[PDB]
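Undergrad: There's a structure below that I have some questions on.
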Amino acid sequence: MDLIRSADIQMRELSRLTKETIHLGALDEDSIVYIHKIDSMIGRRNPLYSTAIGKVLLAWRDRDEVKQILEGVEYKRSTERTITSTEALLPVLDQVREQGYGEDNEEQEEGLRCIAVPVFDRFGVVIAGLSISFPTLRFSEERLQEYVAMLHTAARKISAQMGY
């Protein structure tokens with residue numbers, strides 16, 4: 001597929017620029033599926049509500065489609081920070097749409113942080129999320145903003161190559 005071929009190039013570029021773990025994820029019913037990865041030094045499945053990619057796959061969607069997708073989900077509290085109801089998640093999705101990126105701030109695993117941005121198809125629907133990992137510590141608003149800016153560049157190229 002063309003999405004993975006374009007993504008592969010831009011993900012290798014982010015890995016080059018950042019040395020971080022880069023993922024490409026897509027919606028599989030009521031979970032995310034990792035479809036590509038470039039490692040720090042693919043088929044894995046994860047919750048929609050605790051992943052940065054999950055948040056971006058939902059945030060631009062019709063909010064009735066969202067509540068539909070999330071109907072079947074059994075929320076599980078992984079960590080202190082995990083969002084564990086639809087009612088708690090919908091306001092988070094508002095912020096994701098507003099700011100243009102989604103995050104997982106130790107919501108799946110202590111010590112793990114991820115930041116993600118939407119990848120659009122030719123119609124403006126989010127078809128994948130493109131993310132960057134993180135060990136949590138050296139937090140810099142500056143690192144976050146630089147990471148978001150480079151994700152957006154990468155995603156816009158992938159989307160353009162999709163016909164967006």
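By order in the structure tokens, chains are A, B, ...; within a chain, residues start at 1; ligands start at 1, following the order shown.
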Show which residues sit within 7 Å of residue A:45, as number ranges by chain. Count only C-alpha atoms, and ignore same-chain residues fewer than 2 positions away.

TA: A: 31-34, 43

Undergrad: Taking only stretch 35-126 of chain A into account, list the residues labelled helix (DSSP H, G or I) by DSSP (computed from the backbone), as a ChimeraX atom specification.

TA: /A:52-59,63-70,86-99

Undergrad: Could you write out, as an MDAnalysis selection string, all the residues of chain A that DSSP marks as strand (DSSP E or B)?

TA: chainID A and resid 22:28 31:38 45:47 102:105 112:120 126:132 135

Undergrad: Of the candidates A:49, A:147, A:139, A:164, which one gets nearest to residue A:22 if we count only C-alpha atoms?

TA: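 Answer, going by the shortest atom-to-atom distance: A:147.
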
Undergrad: Using only C-alpha atoms, determine which residues lie at most 10 Å from residue A:40, disregarding the query and same-chain residues fewer than 5 positions distant; provide the list as a PyMOL selection string.

TA: chain A and resi 15-16+18-22+132-134

Undergrad: Quick one: residues within 12 Å of residue A:116, only C-alpha atoms, excluding same-chain residues fewer than 2 positions away - as a VMD selection string?

TA: chain A and resid 21 to 25 51 to 57 59 96 to 97 99 to 105 113 to 114 118 to 119 128 to 134 144 to 145 147 to 152 154 to 155

Undergrad: Using only C-alpha atoms, determine which residues lie at most 10 Å from residue A:4, disregarding the query and same-chain residues fewer than 6 positions distant; provide the list as a short mmCIF file (atom, residue, chain, number, x, y, z; two decimals) with N, CA and C atoms, in the first residue's frame.

TA:
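For reference, part_23.cif as written:
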```cif
data_model
loop_
_atom_site.label_atom_id
_atom_site.label_comp_id
_atom_site.auth_asym_id
_atom_site.auth_seq_id
_atom_site.Cartn_x
_atom_site.Cartn_y
_atom_site.Cartn_z
N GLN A 10 8.80 9.18 5.52
CA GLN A 10 8.72 10.30 6.44
C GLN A 10 9.04 9.86 7.87
N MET A 11 8.73 8.62 8.18
CA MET A 11 9.06 8.04 9.52
C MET A 11 10.57 7.83 9.67
N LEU A 24 3.03 4.29 13.10
CA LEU A 24 1.87 4.64 12.29
C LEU A 24 0.77 3.66 12.71
N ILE A 35 0.37 -0.23 12.11
CA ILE A 35 0.63 -0.71 10.75
C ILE A 35 2.08 -0.50 10.25
N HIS A 36 2.81 0.48 10.81
CA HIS A 36 4.27 0.63 10.54
C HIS A 36 5.01 1.10 11.79
N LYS A 37 6.31 0.81 11.87
CA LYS A 37 7.13 1.29 12.99
C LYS A 37 8.56 1.51 12.50
N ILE A 158 2.70 12.97 3.81
CA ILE A 158 2.00 11.69 3.61
C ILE A 158 0.56 11.89 3.07
#
```

Undergrad: Between A:135, A:44, A:143, A:65, single out the one closest to residue A:112, counting only C-alpha atoms.

TA: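 Residue with the minimum atom-to-atom distance to residue A:112: A:135.
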
Undergrad: Please measure the separation of atom CA of residue A:17 and atom CA of residue A:120, giving the value in Å to one decimal.

TA: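 Going from atom CA of residue A:17 over to atom CA of residue A:120, I get 22.8 Å.
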
Undergrad: Have a look at A:159, A:6, A:50, A:79 and name the one nearest to residue A:92; count only C-alpha atoms.

TA: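 Once distances to residue A:92 are computed over only C-alpha atoms, the minimum belongs to A:50.
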
Undergrad: Could you give me, as a PyMOL selection string, the residues within 10 Å of residue A:161, counting only C-alpha atoms and dropping anything in the same chain fewer than 4 positions from it?

TA: chain A and resi 2-3+5-7+121-122+155-157

Undergrad: Emit the selected residues as a PDB file, in the first residue's frame, including N, CA, C and O atoms.

TA:
```pdb
ATOM      1  N   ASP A   2       0.214   2.301  -0.613  1.00  0.00           N
ATOM      2  CA  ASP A   2       0.753   3.628  -0.806  1.00  0.00           C
ATOM      3  C   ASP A   2       0.901   4.420   0.497  1.00  0.00           C
ATOM      4  O   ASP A   2       1.877   5.134   0.642  1.00  0.00           O
ATOM      5  N   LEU A   3      -0.065   4.314   1.413  1.00  0.00           N
ATOM      6  CA  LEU A   3       0.034   5.000   2.722  1.00  0.00           C
ATOM      7  C   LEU A   3       1.311   4.584   3.455  1.00  0.00           C
ATOM      8  O   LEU A   3       2.042   5.434   3.970  1.00  0.00           O
ATOM      9  N   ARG A   5       4.018   3.113   2.186  1.00  0.00           N
ATOM     10  CA  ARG A   5       5.224   3.505   1.436  1.00  0.00           C
ATOM     11  C   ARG A   5       5.617   4.973   1.683  1.00  0.00           C
ATOM     12  O   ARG A   5       6.790   5.274   1.943  1.00  0.00           O
ATOM     13  N   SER A   6       4.626   5.870   1.685  1.00  0.00           N
ATOM     14  CA  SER A   6       4.903   7.316   1.925  1.00  0.00           C
ATOM     15  C   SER A   6       5.265   7.541   3.369  1.00  0.00           C
ATOM     16  O   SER A   6       6.113   8.396   3.677  1.00  0.00           O
ATOM     17  N   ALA A   7       4.539   6.855   4.257  1.00  0.00           N
ATOM     18  CA  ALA A   7       4.784   6.981   5.691  1.00  0.00           C
ATOM     19  C   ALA A   7       6.189   6.485   6.002  1.00  0.00           C
ATOM     20  O   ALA A   7       6.887   7.110   6.779  1.00  0.00           O
ATOM     21  N   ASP A 121      -6.934  11.366   4.640  1.00  0.00           N
ATOM     22  CA  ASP A 121      -7.115  10.915   3.248  1.00  0.00           C
ATOM     23  C   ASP A 121      -7.572  12.082   2.350  1.00  0.00           C
ATOM     24  O   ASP A 121      -7.709  13.233   2.808  1.00  0.00           O
ATOM     25  N   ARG A 122      -7.851  11.791   1.079  1.00  0.00           N
ATOM     26  CA  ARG A 122      -8.188  12.859   0.125  1.00  0.00           C
ATOM     27  C   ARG A 122      -9.473  13.625   0.489  1.00  0.00           C
ATOM     28  O   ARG A 122      -9.693  14.734   0.000  1.00  0.00           O
ATOM     29  N   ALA A 155       3.361  14.339   8.427  1.00  0.00           N
ATOM     30  CA  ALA A 155       1.966  13.982   8.120  1.00  0.00           C
ATOM     31  C   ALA A 155       1.394  14.718   6.899  1.00  0.00           C
ATOM     32  O   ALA A 155       0.656  14.127   6.113  1.00  0.00           O
ATOM     33  N   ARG A 156       1.708  16.002   6.767  1.00  0.00           N
ATOM     34  CA  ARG A 156       1.193  16.748   5.643  1.00  0.00           C
ATOM     35  C   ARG A 156       1.708  16.200   4.315  1.00  0.00           C
ATOM     36  O   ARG A 156       0.940  16.105   3.351  1.00  0.00           O
ATOM     37  N   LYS A 157       2.980  15.788   4.286  1.00  0.00           N
ATOM     38  CA  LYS A 157       3.556  15.144   3.085  1.00  0.00           C
ATOM     39  C   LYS A 157       2.857  13.810   2.786  1.00  0.00           C
ATOM     40  O   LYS A 157       2.416  13.538   1.634  1.00  0.00           O
TER      41      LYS A 157
END
```
